[PDB]
Amino acid sequence: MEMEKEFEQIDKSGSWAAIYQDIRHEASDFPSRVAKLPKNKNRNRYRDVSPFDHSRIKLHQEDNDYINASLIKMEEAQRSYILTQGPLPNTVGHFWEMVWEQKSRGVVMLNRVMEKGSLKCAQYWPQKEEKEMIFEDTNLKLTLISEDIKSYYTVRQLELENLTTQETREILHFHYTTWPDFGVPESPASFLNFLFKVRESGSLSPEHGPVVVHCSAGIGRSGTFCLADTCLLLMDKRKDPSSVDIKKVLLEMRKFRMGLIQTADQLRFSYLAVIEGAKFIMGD
Ligand SMILES: CC(=O)NCC1(c2ccccc2)CCOCC1
């Protein structure tokens with residue numbers, strides 16, 4: 001079926017939970033043996049969210065190459081994304097090592113450091129220009145260059161230096177700051193505006209390594225971001241945009257990381273975002 005009318009048909013019939021459970025039943029199951037090794041317990045935020053072995057990002061290190069991060073490679077859309085958990089106190093150096101080694105231009109953050117009164121990820125970037133951060137375990141230096149605070153999101157320019165080689169690179173930090181502590185946003189308008197700002201920066205384009213996207217577990221909000229982006233790109237590429245099947249795209253992405261889209265409300269919000277986004281692209 002088309003999307004917008006499949007949408008109204010699920011709303012009127014109140015069957016979002018049944019649709020979402022079908023997705024959960026059909027999703028791929030692949031091994032994640034490296035994630036479950038005892039030496040990696042303090043590298044995982046949640047025991048039930050792990051990268052598959054076949055798609056995990058490897059650190060360029062011979063001691064321990066493990067990080068909780070996955071490469072999502074979308075062949076028809078010609079887009080790739082790295083989806084990862086919010087960094088932990090003992091993985092902030094690994095996180096920036098990955099950004100460096102994978103040649104990423106942008107980092108997309110969809111959570112606040114504290115939500116619901118608890119810590120959802122480490123404070124992994126510097127908050128003042130004159131107070132830089134040094135990660136001694138991976139030999140990197142990170143400096144805040146500029147910060148632009150808007151009503152729904154903040155964009156930061158960061159300098160990452162590889163202290164071994166003295167090479168430097170500019171990294172863009174895109175921080176969506178207004179996702180509610182409970183539920184999903186009422187309108188997708190600010191989320192779509194944010195997606196378009198990431199696109200306009202070049203961070204999603206083939207001349208760079210894959211964008212790094214995270215929330216707390218790296219599967220819920222993070223899944224919504226890449227699902228919406230890929231669906232809108234396919235609607236632009238194909239002769240028949242009504243052929244794009246958001247459930248099929250989501251199942252393809254779940255071949256590369258488990259659990260993408262965590263609730264039926266996140267599934268409905270993804271439909272809403274793609275539907276509204278397709279009107280703004282055109283031609284409008
Ligand atoms: C190489 C280059 O063009 N550097 C430009 C600046 C920069 C530095 C590092 C990260 C991002 C931006 C831009 C504004 O700050 C001053 C330097």
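Count residues from 1 along the sequence. Read the numbers this way: they start at 1 and go in the same order the structure lists the ligands and their atoms.
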Trainee: Take atom 3 (O) of ligand 1 and look for protein heavy atoms under 4.0 Å from it; say yes if you find one, no if not.
Mentor: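 No; the ligand atom in question lacks any protein heavy-atom contact below 4.0 Å.
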
Trainee: Hey, does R221 have a side-chain heavy atom less than 4.5 Å from the side chain of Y176?
Mentor: no

Trainee: Atom 10 (C) of ligand 1: protein heavy atom closer than 4.0 Å?
Mentor: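 Given the 4.0 Å limit, the answer for atom 10 (C) of ligand 1 is yes, a protein heavy atom qualifies.
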
Trainee: Determine whether any heavy atom of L158 lies closer than 4.0 Å to an atom of ligand 1.
Mentor: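 Yes, that is the case, since the closest heavy atom of the residue is under 4.0 Å from the ligand.
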
Trainee: According to ring pair (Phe, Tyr, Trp, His ring centres under 6.0 Å), does anything in residues 240-263 pair up with another residue at least two apart or in another chain? List the pairs.
Mentor: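 Found none.
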
Trainee: Tell me the protein heavy atom at minimum distance from atom 17 (C) of ligand 1, and give that distance in Å.
Mentor: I145 CG2, 4.9 Å

Trainee: In terms of atom number and element, which parts of ligand 1 are under 4.0 angstrom from non-hydrogen atoms of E170?
Mentor: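 Near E170, the atoms of ligand 1 are 10 (C), 11 (C), 12 (C).
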
Trainee: Report the relative orientation of the aromatic rings in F7 and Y271; use parallel for angles under 30°, tilted for 30 to 60°, perpendicular for over 60°.
Mentor: tilted

Trainee: Are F269 and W179 an aromatic pair, judged by ring center distance below 6.0 Å?
Mentor: yes

Trainee: Among residues at least two apart in sequence or on other chains, which ones pass side chain to side chain donor-acceptor pair (under 3.5 Å) with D11?
Mentor: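 Side chain to side chain donor-acceptor pair (under 3.5 Å) list for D11, sorted by chain: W16, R268.
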
Trainee: Quick check on atom 13 (C) of ligand 1 - does any protein heavy atom sit closer than 4.0 Å to it?
Mentor: no

